[PDB]
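Okay, here we've got a single chain as structure tokens, the form deposited in one PDB entry, with questions on binding and movement later.
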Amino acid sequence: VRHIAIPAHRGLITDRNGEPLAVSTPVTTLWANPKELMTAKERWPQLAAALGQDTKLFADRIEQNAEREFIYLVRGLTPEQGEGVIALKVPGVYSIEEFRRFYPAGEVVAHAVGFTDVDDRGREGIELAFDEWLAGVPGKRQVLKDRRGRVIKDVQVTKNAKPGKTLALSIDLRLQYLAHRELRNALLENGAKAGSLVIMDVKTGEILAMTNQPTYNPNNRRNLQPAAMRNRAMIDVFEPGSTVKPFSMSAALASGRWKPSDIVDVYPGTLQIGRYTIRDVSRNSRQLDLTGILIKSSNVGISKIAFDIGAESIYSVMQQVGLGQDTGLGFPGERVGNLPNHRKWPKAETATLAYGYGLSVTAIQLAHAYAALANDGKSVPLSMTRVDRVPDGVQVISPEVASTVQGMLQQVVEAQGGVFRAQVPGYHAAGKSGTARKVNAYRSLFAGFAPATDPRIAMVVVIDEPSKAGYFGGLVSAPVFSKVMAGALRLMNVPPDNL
């Protein structure tokens, strides 16, 4: 008499609308008692054939395990294939009924959902993070064996298996599909190495979509590079560059010393700070109002504002909206990044902070920060699960500064010489481009939200090493935001505010 495991049914993972993302399917494991097999050698070759094993390698194996009462023959056949080889009636060949994950959306949601191992344990993504909730508790059954390992009776069930619990993700499979296709299309269109796209509900903290390129089929994980398994939206850190300028502007408008119509002189489009040189791409400007600084992405303009208000006020807004701060999702391998702090801020670091140099963030943090700005300065906690009861937000930017900065980002998108590729047919949209030279090689960024009049959705597009002549965020990333924001607002029945 021994006690042996009854595997629990692993909980269904669904999208927010109940569409299956991870399903436990019944499969059959074959095992053999070698001590029984050793009395039916004439049966081995037929049994070897049936397992697609070679006659002599199979016989070498049984011989080598002749002292044992258990070995695995094969794991995870269908119930039909399993029943096919049990029907050969080979002494000492036995059937365990098991569960195996199937992922109906495959590579589309692989980074978020993750996978289980052959033992049905969660090892990546949601499968790992919610493993206790999904696995349930195994059962035990009492099994009498004769003295040479022959299973005879099933004496009783000692303890019943408790099933796993259903888990509904925040992901909307319809937005996930749209996000997946358009990031793939832009990646191919730009000969890009990698990229990420994140969509947030600005009101609920919910991640409606999270896709990366490259991806992999979790149903077929054989001969698979690590690179394609990385959930880059959460585990990759990058410099966000000029996409942080709206947080600098937030500190400027909250200081009491700046309003949108104020002028900064950026001539000649450079500014020497000790040994270091601050440089604009476009160097044909003198006076720029604060909206112009964002439209022309003048590093010199935001630097002079940063000198006047102090890095401390800028650091604080960036810390508050979650840049380089723990998200608290508890997701495997999640990076925090780095928001550098100083006891006393020097000049050079005051400027670089203000335009997103020497800062490290995730696509998720950047999306969360834009979510807070869109939701009138209120940060709602992030969830990867369906939110039925929305937790209270924290007011991180005053509602009036948030509303002024939204208006300015609406201008970045809609005004003359603005980022017109980010415009969303039938809607007012708002956002900020960025371009990071990595240490030539570029990262193209667009972060924004829509509709501008009552924000619903925040979105970040990161394309890593576009290899065509176009590398600027406004060229590469902005058109992706456009197509994916259009489809997302329509799938979510958001009334057009620009008709």
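So that the term is clear: the rigid core is the largest set of C-alpha atoms that superpose within 1.5 Å between two forms. All residue numbers refer to positions in the sequence shown, first residue = 1.
Across the other compared structures of the same protein with both neighbouring residues present, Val439 lacks coordinates in at least a third. Unmodelled residues of the deposited sequence between neighbouring positions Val439 and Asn440 number 4 to 9. In this entry, 115 to 123 has the higher mean Cα B-factor, the comparison being between 115 to 123 and 164 to 172. Relative to one another, 478 to 486 and 16 to 24 have unequal mean CA B-factors, and 16 to 24 is the one with the higher figure. For the set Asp376, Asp154, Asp289, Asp265, the PDB entry assigns the largest Cα B-factor to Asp154. As recorded in the PDB entry, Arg150 shows the highest C-alpha B-factor of the residues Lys296, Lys259, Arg150, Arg386. Sorting the modelled residues of the chain by their CA temperature factor places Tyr103 in the lowest third.
Among the modelled residues of its chain, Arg181 has a C-alpha B-factor that falls in the middle third, as given in the PDB entry. When the modelled residues of the chain are ordered by their C-alpha B factor, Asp326 lands in the middle third. When the modelled residues of the chain are ordered by C-alpha B-factor, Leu134 sits in the middle third. In the PDB entry, a CA B factor belonging to the highest third of its chain's modelled residues is recorded for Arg68.
There is another form of the same protein, the form deposited in another entry; it is not shown, and what comes next is about it.
Relative to the superposed rigid core, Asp146 undergoes a CA displacement of at least 2 Å between this form and the one not shown. Positional change of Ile86 between this form and the one not shown reaches 2 Å or more at the C-alpha, relative to the superposed core. Positional change of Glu69 between this form and the one not shown reaches 2 Å or more at the C-alpha, relative to the superposed core.
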